[PDB]
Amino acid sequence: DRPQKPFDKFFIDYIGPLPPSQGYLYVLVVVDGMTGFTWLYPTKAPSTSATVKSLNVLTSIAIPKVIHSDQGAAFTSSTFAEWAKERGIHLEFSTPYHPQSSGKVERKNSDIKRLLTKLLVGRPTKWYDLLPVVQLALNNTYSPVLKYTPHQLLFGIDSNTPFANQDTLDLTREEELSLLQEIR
């Protein structure tokens, strides 16, 4: 068999609803399987339309052979299927209630939700502006399994933004207490 490559497979998923930010409520998350490279797109809804719109941006930079998703409505619509077929992209779904990716992608997605939560405290409404910095953090994050960041694996070079601090990512006792004030 042939070694795994960038653009072989993109794993996509939605995250939200979030508190509104510049009118946006969700984040479409795209992770490259081989590299762990992440792309984030703000949407107003988890619809086929908002998905096509965001993926149009991404697929004007690189087109994956395969898109993998759960069986969310946005991804199982016949429109989204038409969209994929036009671009020669194979669609691939996990079985309902049984999500699967790879250890790498699962770990990456965990990081994304955790990094996000850490930042929407104190500023639940300002996450729109932080998406660029979130992605840079995630993509210049050392991989224990491989010796290399997603950046390094996608471009074959060191980045001009090395996040040298392996950061806390855990909530400090202050952040835990004021996050239980926004809900309760």
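What we label the rigid core is the largest C-alpha set whose atoms superpose within 1.5 Å from one form to the other. Don't overthink the numbering: it's just position in the shown sequence, from 1.
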| property | result |
| --- | --- |
| Outlying stretch relative to shown form, 114-122 versus 22-30 in 7 other deposited structures of this protein, C-alpha RMS (core) | 114-122 |
| Stretch exceeding the other in mean C-alpha B-factor - 48-56, 120-128 | 120-128 |
| Which of 2-10 and 175-183 has higher mean CA B factor, as the PDB entry lists it | 175-183 |
| Top Cα B factor in the deposited entry, candidates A137, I61, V145, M34 | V145 |
| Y97 - Cα temperature factor, lowest/middle/highest third of chain | highest |
